[PDB]
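All remarks here apply to the structure that follows.
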Amino acid sequence: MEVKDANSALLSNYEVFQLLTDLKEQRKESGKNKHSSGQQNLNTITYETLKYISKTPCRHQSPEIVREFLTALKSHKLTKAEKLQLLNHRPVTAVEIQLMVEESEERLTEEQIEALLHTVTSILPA
Amino acid sequence: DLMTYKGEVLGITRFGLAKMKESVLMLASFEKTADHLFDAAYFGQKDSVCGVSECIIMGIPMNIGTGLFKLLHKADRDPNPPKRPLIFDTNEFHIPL
Amino acid sequence: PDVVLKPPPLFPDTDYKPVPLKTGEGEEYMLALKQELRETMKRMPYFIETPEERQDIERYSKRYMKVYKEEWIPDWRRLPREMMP
Amino acid sequence: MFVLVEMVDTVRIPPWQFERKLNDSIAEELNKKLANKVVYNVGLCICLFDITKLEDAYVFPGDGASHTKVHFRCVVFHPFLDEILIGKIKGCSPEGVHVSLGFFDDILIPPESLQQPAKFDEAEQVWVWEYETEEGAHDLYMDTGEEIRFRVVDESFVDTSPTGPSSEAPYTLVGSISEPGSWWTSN
Amino acid sequence: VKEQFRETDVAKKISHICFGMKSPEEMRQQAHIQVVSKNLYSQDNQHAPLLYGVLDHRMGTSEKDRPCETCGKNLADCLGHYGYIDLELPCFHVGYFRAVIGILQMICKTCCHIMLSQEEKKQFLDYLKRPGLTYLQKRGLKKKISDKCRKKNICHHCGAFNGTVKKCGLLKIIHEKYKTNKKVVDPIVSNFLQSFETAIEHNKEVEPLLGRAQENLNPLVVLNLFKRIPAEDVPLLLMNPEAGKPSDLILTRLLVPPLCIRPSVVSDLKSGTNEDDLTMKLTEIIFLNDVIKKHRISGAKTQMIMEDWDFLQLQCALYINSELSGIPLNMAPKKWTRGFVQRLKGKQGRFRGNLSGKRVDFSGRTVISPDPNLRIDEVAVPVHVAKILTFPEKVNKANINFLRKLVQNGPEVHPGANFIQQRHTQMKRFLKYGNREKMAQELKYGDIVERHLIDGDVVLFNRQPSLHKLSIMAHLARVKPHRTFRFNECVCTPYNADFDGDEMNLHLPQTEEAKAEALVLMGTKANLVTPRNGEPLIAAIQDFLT
Amino acid sequence: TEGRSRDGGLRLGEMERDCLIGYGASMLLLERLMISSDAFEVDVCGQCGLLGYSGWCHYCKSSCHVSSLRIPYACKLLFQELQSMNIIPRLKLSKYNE
Amino acid sequence: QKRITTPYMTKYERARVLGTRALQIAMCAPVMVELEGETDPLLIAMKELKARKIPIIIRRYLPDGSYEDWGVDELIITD
Amino acid sequence: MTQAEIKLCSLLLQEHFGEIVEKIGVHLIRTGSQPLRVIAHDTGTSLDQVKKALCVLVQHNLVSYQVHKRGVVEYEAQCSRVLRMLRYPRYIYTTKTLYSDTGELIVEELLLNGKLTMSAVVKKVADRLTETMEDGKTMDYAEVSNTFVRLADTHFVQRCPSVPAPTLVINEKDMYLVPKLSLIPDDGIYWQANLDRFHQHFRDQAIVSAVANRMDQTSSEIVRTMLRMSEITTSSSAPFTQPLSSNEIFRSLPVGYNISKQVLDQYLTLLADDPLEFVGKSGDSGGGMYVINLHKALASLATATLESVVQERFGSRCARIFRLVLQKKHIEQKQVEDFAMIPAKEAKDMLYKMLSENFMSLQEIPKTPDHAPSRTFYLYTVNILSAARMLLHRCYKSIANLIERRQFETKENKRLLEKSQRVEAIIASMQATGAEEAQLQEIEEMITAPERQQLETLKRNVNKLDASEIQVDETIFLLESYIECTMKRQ
DNA sequence: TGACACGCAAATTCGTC
DNA sequence: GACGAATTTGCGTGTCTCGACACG
RNA sequence: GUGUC
Ligand SMILES: [Zn+2]
Ligand SMILES: [Zn+2]
Ligand SMILES: [Zn+2]
């Protein structure tokens, strides 16, 4: 097959969660479970993926809160890719902030670090 | 009009058919094969198989008569379906440094 | 009229061995001179070592990529006027 | 679940399955086709997001089926270099440690783990960590473990194609010990 | 572990075909085995293939006593492998002789540079580089360039006089140089003449003979002058650079074709084998390859090596054409053999003999008889022929109880099937050895079943001496137990039958897509007027008119 | 094969092919010359047009650029016969969709 | 967009459409008519054409490369 | 021109220049002249990179361009000028054997940048030489320019055609002026090394060396003197040296050599009365003048090269028959053995092995309008021109194979090489901080025996191949001078 | 045993040194 | 007056010269 | 090769 663009439209994990939640609830109602292994592969992939996502504490956030938190973090500098790299997991600890950005010692200060820390703790629930 | 559209009054022989038409294996399937094949190998040109004899030999449906058009299946289809909107990638938010 | 069943080797062993070379101080001087000419013209701006480089995602490590892009002045005056980059 | 990639391919619809919508059919046969398949360098496909534009169908004389060339975007799992993630360790080996993700069940960390790691498998699989600067720390890791946070680097792509006449891990990652899971990080 | 994505079945079409000639290097690169032995059969227990021989099983099997060697398979799924034979002395080619004598006229023989001017080379190149080029426009361009290359005898690049190039004998090239005219004495010819008397003090029988001593181009100088030609002037020489190259015109490495292309004949007469003429010619030319290598060490004179060389050269050129004219009587064989072009050229060839012919199955032919009790589009078929012919069809929801009754009827009765195919697994099963009561129930949707000829079938009926397009038609089949062909007399004029000794033939379409095409175009009701003038051809005959 | 003593078939020559051509039918002309006479599935390569085997080439020694097609056995036999005459039919494949 | 081709249905396209429909109906296809008890789907393929209930679009190609879409129901069937 | 030279220059421009530029360079050798857009189209490369490759090729005076039909610019790449990159070390060594490091470092940068101004040469030479010294970093600009003038008046570094419409027509004049410098802005004047002068000097060196190891050591001083007076008046094409007399020769002889008049004439007549026939005397009863023959000496040189090749490959007994048949032209097969006392069996073997490799020709003499291979006469003859031209085609493929073998071994032990070189910088910077012999045993045993034994063999192999390359490309130079002299541009 | 299209070649005339 | 160039014409050579079926 | 159209 032919590919137009190899790396394109970088998405998030909650988008995959939301896409896979409604994909299987309508598949079991419509599908006849006709092709055993062909459907089994998709079922296994989706089940393992949704399990890994549900173990990740990022499923309790609807898109409007995501948009609000992203617009709030857009303020200072941080990074286009490190934006969703920081949103992929919970930055509650100050050590994970130092590992998110490969160099977080000379760019900004730690007070602005705890600021965004509490900003994020006010966003995501537990 | 077949022997006048070239510009010269042709006759239907091996030499006239060698001049009016342009297919290697077609001209070889009429008269001397070795001469035409060796001339093609020496020159080394490419031949797009579109003649009835070529399509019969190789096995392509000839594009003369029934094979001139194409059929299309009419069913429920949508050219541009409504796609899922994004919640992450909108560049007026994603401003680079 | 005899027949061979085992094919000959792809490398038939030659008749004689090659000749040793001549060596003088000028010879190794020219050898080192060629070895430095190749390395220096490999490190010249005329040598295009930049076909094209692709980068998918942007990183923060933009400090260790300060490559100095100084082309030689093409001297368009003594050059075909049609070709203008 | 990292990058959605656009692709194009011709999909034939069975001549007997004409009652179902062509969009629904195409989506189902494109979900079944690329479900658990690894590709050359793009990564590992997960599922299908949506189709962008759908072309017309052609009926070739001789078969009687319906061929349609549609562009579809599928979700492929391909992370970048400096990305931290959590995993559940499967087991230990004298060469790295074998850990698995939810669906991706093959990643192994090399001997590059810490400042004083020691490996020895007498009967079971043991990873011990000594840490002495001015006090003494001894961390022990046995048969199974969970919640290991590490960076995925040294990504490798190997292709499997039939060599010769027709008469095994395509995706490979390693990890550096970042946050073993009390909690003790590593920097 | 995860599985890698792979394309299911690569289905593609053929866009266009390109013609090109290979080099000995590429020939060896493609070749598998190198034949060095001339012994065809080993003189051991039984008839068995000899390793590294012309009749080897490493190129492909031809019969059913031994499997394949490269890939374990049988004669059905086996295409073939090639081999390479190295020649001691490079030889001339039979089809590339005109190209060689033309290039020798174009390029030099002292400098290997095309004789043209710088201003004319570009005015030929820009005319050559055009977006539209037919095969005839390049036929005349070589003709136009050869003229200007043969007008001038002195090159502008260097200062040497070439002469001219003509052929002699059968495969022999003499470059006419060192001409002796009676106007002025040229220093080159003078030095040439002074260079010969230095050996005419031993034998005084060549001073009457040196006056026509000239340059005789042999394959060894010809191949090397094709290696010193620049690749810059090749696109102007009308030679595709990607397909061919000027050097690749001299054969020095012979390509052994696959073994499946030359089947062996077996006799129930003498426990006897009969090889192909190609195989015999190969075993005869390989014996010439070993007789020259023995004589150089054994010690031979120039002529005894030369006649063996040109014998090996002529046996390779007579292996393809095999009808060449102008052969010496001492070299001419008396028995006739067919070569590679003899398989192509001729009425019983492969171009219009096999490809055009392609004898059809599911057909028959029988004497016709009158029967004025049918319609205009009807024809009677005997039950004996209808029992042999079968028509495959897939079972729908409407054809379940219609074909279940037929498979219950049986193959011995006229309405019924003989072969049954399954939906997924594609294999045919007989209805005579197995039971019909149980396979009737064992039927699924989409099963191919081939039943006998029933009434209401689009069946083609025609005659052999076809001149016009109405000589073949399609009618509806009808089974009648009289063991003869019957049809209406009104449609006898299109076939031009005489009804005393005529035996017409009948064809049965196999696919459903063609059964509908022969009903609308080749219809008896549709085809009633003739395209020649427009008169109705089917009106009446003598008896009805009277 | 030829003859009734060996249970052969009938021959379809050029004069009867002209009658099918004058009508304009292409499906039946291809059905009773390629489908019912000799239907063969061959494979070639895209890099260099040559007859491979088992989805594998001996010229490039790589199965990456490998595809297949439907050809009558007569045409493949003619190609294998002409390749021994220093005449290599370099083929260029394409998708039927293309 | 204006059609520059004759509206009468050719027999060359009629035969190919009939063949395609006959081959598709034998592939366990949904019928577009309530057929009588009768086999040989070729015989009932003409019934759908006589009633103008065939979902097939004819694409006519011009020498330059222009494509023209026509409906079987829009074509005029004359016999 | 042929596939061998194109394959050689492809690698020569891939290892010297980049891949993108060498692609367009090789594409310019298959087609003589082509428009820019057609080139950028058929090559498949974008316009910007094609212009970069073109300006790179022009900056090194490797490709030319001309104005055609309407206003178009047709480019042309000459392969003969490209194949002269294997003699750069020899050129620099010949500049350094007469002059000193001044001329070497002046000319080594003129061939790496092609068209360059002298203000840049003096600049870079002064900078490099000031950086070479340690305490006294004083380099006079006048001494750098003195060697430049010595090159200019000996015709070693000439002026390329300067600037006098779609483009400008570059014109050349006979104004080889040296504008007076201003040492601490002169634009439009670029200098470039003259290669035919180097070829002439190499020809004189080869001639004097051959006549030295041939007969005498003293007569080579006399001929080198006779070749030193004609450097200014004689050119390359001219086959006959301008006439010179003995009285003028005795004027200019070396300072450390005291040879009188009549014995000098003795030496001159011994050089004239000689089978080699290098110098020829045209004189009178009173006196006369001598003329050196270059073509009939180059022919002997190429002949000696051919006999050396056949003697090293086939054997001395075989080269004996080669020389026997070269002397007696058009000899017959049974009469060659009564001369050469060699057994008939292996004699015929040697003859056929020579002829089957294109080392000899056979001419036909029939007595009938029919060829009649039985009733005809075969004669064995030798052709020098075709043999030299066919050995020249072999040398190029030999050099190409050597280059491919040298480039082949580097990419299997490459990561090993840049990994062992990465460890070198770990301790090279550490030794500056402080020498730790423990960090030395770290690198003493960190590299294993086969990890260090690979470079040992790779360096030797690369040296052997690069040393054989020069010994092979000197032979092509000795072989391309005999082919071009007989070639007469009509 | 008819068909003439290709080359190959010798007799002959206008032309300019 | 004598030599290089281009025209017209007698003479040399290669390819086939409808289809189908049955039997020995 | 023979026989029929
Ligand atoms: Zn095989
Ligand atoms: Zn020349
Ligand atoms: Zn291939």
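Scheme for the structure tokens: letters A, B, ... for chains in order shown; per-chain residue numbers from 1; ligand numbers from 1 in order shown.
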Inset, instruction - Name all residues at most 12 Å from region 330-338 of chain E (count only C-alpha atoms (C1' of nucleotides); drop same-chain ones fewer than 5 positions away) and give them as a ChimeraX atom specification. - result: /E:170,276-281,307-308,310-315,318-325,343-346,349 /H:372,374
Inset, instruction - Please provide as a PyMOL selection string all residues within 12 Å of residue 5 (chain G), with the sequence filter that same-chain residues fewer than 6 positions apart are discarded (counting only C-alpha atoms (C1' of nucleotides)). - result: chain G and resi 59-62+66-70+75
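Computed from the coordinates, the CA of residue 289 (chain H) to CA of residue 264 (chain H) distance equals 13.3 Å.
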Legend entry - Exercise: residue 16 (chain D) partners within 12 Å, only C-alpha atoms (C1' of nucleotides), chain neighbours under 3 positions left out, as a ChimeraX atom specification: /D:12-13,19-20,25,64-66 /E:396-397,445-446 /G:23-31
Could those residues be written to a file, using N, CA and C atoms, as a short mmCIF file (atom, residue, chain, number, x, y, z; two decimals), in the first residue's frame?
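Generated output (again.cif):
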```cif
data_model
loop_
_atom_site.label_atom_id
_atom_site.label_comp_id
_atom_site.auth_asym_id
_atom_site.auth_seq_id
_atom_site.Cartn_x
_atom_site.Cartn_y
_atom_site.Cartn_z
N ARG D 12 -11.77 -4.94 -2.17
CA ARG D 12 -12.83 -5.56 -2.94
C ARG D 12 -13.98 -5.93 -2.01
N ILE D 13 -15.20 -5.63 -2.43
CA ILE D 13 -16.41 -5.95 -1.68
C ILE D 13 -17.04 -7.19 -2.30
N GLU D 19 -26.18 -5.51 0.57
CA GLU D 19 -27.25 -4.91 1.37
C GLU D 19 -26.68 -3.97 2.43
N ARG D 20 -25.52 -4.31 2.98
CA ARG D 20 -24.87 -3.43 3.94
C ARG D 20 -24.30 -2.20 3.24
N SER D 25 -19.35 -1.53 5.20
CA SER D 25 -18.56 -2.66 4.71
C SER D 25 -17.08 -2.32 4.70
N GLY D 64 -16.34 -9.88 -11.55
CA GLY D 64 -17.67 -9.47 -11.13
C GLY D 64 -17.75 -8.83 -9.77
N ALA D 65 -16.61 -8.56 -9.12
CA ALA D 65 -16.61 -7.94 -7.80
C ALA D 65 -16.65 -6.42 -7.91
N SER D 66 -16.45 -5.74 -6.79
CA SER D 66 -16.46 -4.28 -6.77
C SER D 66 -15.20 -3.80 -6.07
N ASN E 396 -27.62 -20.96 -6.24
CA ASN E 396 -28.22 -19.85 -5.50
C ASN E 396 -29.29 -20.39 -4.56
N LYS E 397 -30.09 -19.50 -3.97
CA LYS E 397 -31.19 -19.92 -3.11
C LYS E 397 -32.33 -20.46 -3.96
N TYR E 445 -24.32 -22.75 0.11
CA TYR E 445 -24.47 -21.64 -0.82
C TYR E 445 -23.15 -21.33 -1.50
N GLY E 446 -23.18 -21.24 -2.83
CA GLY E 446 -21.98 -20.96 -3.59
C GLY E 446 -21.15 -22.19 -3.89
N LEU G 23 -23.79 -12.54 -14.22
CA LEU G 23 -22.71 -13.05 -13.40
C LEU G 23 -22.82 -12.62 -11.95
N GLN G 24 -23.37 -11.43 -11.69
CA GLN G 24 -23.53 -10.95 -10.32
C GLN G 24 -24.71 -11.60 -9.60
N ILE G 25 -25.83 -11.79 -10.30
CA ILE G 25 -26.98 -12.45 -9.68
C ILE G 25 -26.66 -13.88 -9.27
N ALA G 26 -25.86 -14.60 -10.06
CA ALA G 26 -25.42 -15.94 -9.71
C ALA G 26 -24.43 -15.95 -8.56
N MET G 27 -24.03 -14.78 -8.05
CA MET G 27 -23.13 -14.67 -6.90
C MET G 27 -23.89 -14.40 -5.61
N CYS G 28 -25.12 -14.90 -5.50
CA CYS G 28 -25.98 -14.72 -4.33
C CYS G 28 -26.21 -13.24 -4.03
N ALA G 29 -26.59 -12.52 -5.07
CA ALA G 29 -26.85 -11.09 -5.01
C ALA G 29 -28.32 -10.82 -4.70
N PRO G 30 -28.62 -9.70 -4.04
CA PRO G 30 -30.02 -9.32 -3.81
C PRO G 30 -30.69 -8.96 -5.13
N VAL G 31 -31.79 -9.63 -5.43
CA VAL G 31 -32.52 -9.40 -6.67
C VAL G 31 -33.32 -8.11 -6.55
#
```
Inset, instruction - Please identify the residues whose atoms come within 7 Å of ligand 2, using only C-alpha atoms (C1' of nucleotides) and all ligand atoms, and report them as an NGL selection string. - result: :E and (108 or 110-113 or 115 or 155 or 157-160)
Inset, instruction - Could you give me, as a VMD selection string, the residues within 10 Å of region 6-11 of chain I, counting only C-alpha atoms (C1' of nucleotides) and dropping anything in the same chain fewer than 5 positions from it? - result: chain J and resid 8 to 13
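Using only C-alpha atoms (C1' of nucleotides) and all ligand atoms as the basis for the distance check, residues found within 10 Å of ligand 3 are residues 44, 45, 46, 47, 48, 49, 50, 51, 52, 55, 56, 57, 58, 59, 60, 61, 62, 63, 64, 65, 66 and 67 of chain F.
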Suppose we keep N, CA and C atoms; can you now write the selection as a PDB file, in the first residue's frame?
```
ATOM      1  N   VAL F  44       6.555 -12.413 -12.200  1.00  0.00           N
ATOM      2  CA  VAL F  44       7.717 -11.661 -12.660  1.00  0.00           C
ATOM      3  C   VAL F  44       8.025 -10.581 -11.629  1.00  0.00           C
ATOM      4  N   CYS F  45       9.063  -9.796 -11.901  1.00  0.00           N
ATOM      5  CA  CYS F  45       9.530  -8.767 -10.986  1.00  0.00           C
ATOM      6  C   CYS F  45       9.375  -7.383 -11.604  1.00  0.00           C
ATOM      7  N   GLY F  46       9.292  -6.376 -10.738  1.00  0.00           N
ATOM      8  CA  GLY F  46       9.149  -5.001 -11.173  1.00  0.00           C
ATOM      9  C   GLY F  46      10.471  -4.316 -11.453  1.00  0.00           C
ATOM     10  N   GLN F  47      11.506  -4.666 -10.686  1.00  0.00           N
ATOM     11  CA  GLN F  47      12.820  -4.061 -10.880  1.00  0.00           C
ATOM     12  C   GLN F  47      13.366  -4.382 -12.266  1.00  0.00           C
ATOM     13  N   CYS F  48      13.471  -5.670 -12.587  1.00  0.00           N
ATOM     14  CA  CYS F  48      13.890  -6.135 -13.909  1.00  0.00           C
ATOM     15  C   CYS F  48      12.878  -7.176 -14.381  1.00  0.00           C
ATOM     16  N   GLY F  49      12.259  -6.923 -15.532  1.00  0.00           N
ATOM     17  CA  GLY F  49      11.292  -7.854 -16.076  1.00  0.00           C
ATOM     18  C   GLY F  49      11.905  -9.186 -16.456  1.00  0.00           C
ATOM     19  N   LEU F  50      11.624 -10.219 -15.664  1.00  0.00           N
ATOM     20  CA  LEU F  50      12.162 -11.553 -15.885  1.00  0.00           C
ATOM     21  C   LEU F  50      11.241 -12.575 -15.238  1.00  0.00           C
ATOM     22  N   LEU F  51      11.305 -13.808 -15.735  1.00  0.00           N
ATOM     23  CA  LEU F  51      10.484 -14.888 -15.201  1.00  0.00           C
ATOM     24  C   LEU F  51      11.145 -15.465 -13.954  1.00  0.00           C
ATOM     25  N   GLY F  52      10.512 -15.262 -12.797  1.00  0.00           N
ATOM     26  CA  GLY F  52      10.983 -15.795 -11.547  1.00  0.00           C
ATOM     27  C   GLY F  52      10.356 -17.134 -11.217  1.00  0.00           C
ATOM     28  N   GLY F  55       7.877 -16.879  -6.160  1.00  0.00           N
ATOM     29  CA  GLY F  55       7.943 -15.501  -5.715  1.00  0.00           C
ATOM     30  C   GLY F  55       9.352 -15.089  -5.344  1.00  0.00           C
ATOM     31  N   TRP F  56      10.302 -15.361  -6.233  1.00  0.00           N
ATOM     32  CA  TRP F  56      11.712 -15.153  -5.940  1.00  0.00           C
ATOM     33  C   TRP F  56      12.468 -15.006  -7.250  1.00  0.00           C
ATOM     34  N   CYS F  57      13.391 -14.049  -7.289  1.00  0.00           N
ATOM     35  CA  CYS F  57      14.189 -13.769  -8.472  1.00  0.00           C
ATOM     36  C   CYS F  57      15.622 -14.233  -8.256  1.00  0.00           C
ATOM     37  N   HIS F  58      16.245 -14.723  -9.326  1.00  0.00           N
ATOM     38  CA  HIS F  58      17.639 -15.142  -9.292  1.00  0.00           C
ATOM     39  C   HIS F  58      18.585 -14.084  -9.842  1.00  0.00           C
ATOM     40  N   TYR F  59      18.055 -13.006 -10.421  1.00  0.00           N
ATOM     41  CA  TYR F  59      18.868 -11.900 -10.915  1.00  0.00           C
ATOM     42  C   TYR F  59      19.147 -10.880  -9.816  1.00  0.00           C
ATOM     43  N   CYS F  60      18.112 -10.481  -9.078  1.00  0.00           N
ATOM     44  CA  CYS F  60      18.261  -9.541  -7.977  1.00  0.00           C
ATOM     45  C   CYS F  60      18.468 -10.225  -6.633  1.00  0.00           C
ATOM     46  N   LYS F  61      18.118 -11.508  -6.522  1.00  0.00           N
ATOM     47  CA  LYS F  61      18.238 -12.268  -5.278  1.00  0.00           C
ATOM     48  C   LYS F  61      17.509 -11.567  -4.133  1.00  0.00           C
ATOM     49  N   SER F  62      16.286 -11.128  -4.419  1.00  0.00           N
ATOM     50  CA  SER F  62      15.435 -10.478  -3.435  1.00  0.00           C
ATOM     51  C   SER F  62      13.983 -10.618  -3.864  1.00  0.00           C
ATOM     52  N   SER F  63      13.115 -10.928  -2.902  1.00  0.00           N
ATOM     53  CA  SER F  63      11.695 -11.115  -3.164  1.00  0.00           C
ATOM     54  C   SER F  63      10.863  -9.870  -2.892  1.00  0.00           C
ATOM     55  N   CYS F  64      11.495  -8.714  -2.692  1.00  0.00           N
ATOM     56  CA  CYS F  64      10.770  -7.476  -2.425  1.00  0.00           C
ATOM     57  C   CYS F  64       9.885  -7.094  -3.604  1.00  0.00           C
ATOM     58  N   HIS F  65      10.493  -6.859  -4.764  1.00  0.00           N
ATOM     59  CA  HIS F  65       9.754  -6.484  -5.967  1.00  0.00           C
ATOM     60  C   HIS F  65       9.352  -7.755  -6.704  1.00  0.00           C
ATOM     61  N   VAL F  66       8.222  -8.335  -6.312  1.00  0.00           N
ATOM     62  CA  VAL F  66       7.725  -9.561  -6.927  1.00  0.00           C
ATOM     63  C   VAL F  66       6.218  -9.428  -7.090  1.00  0.00           C
ATOM     64  N   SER F  67       5.729  -9.763  -8.282  1.00  0.00           N
ATOM     65  CA  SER F  67       4.301  -9.724  -8.559  1.00  0.00           C
ATOM     66  C   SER F  67       3.964 -10.851  -9.527  1.00  0.00           C
TER      67      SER F  67
END
```
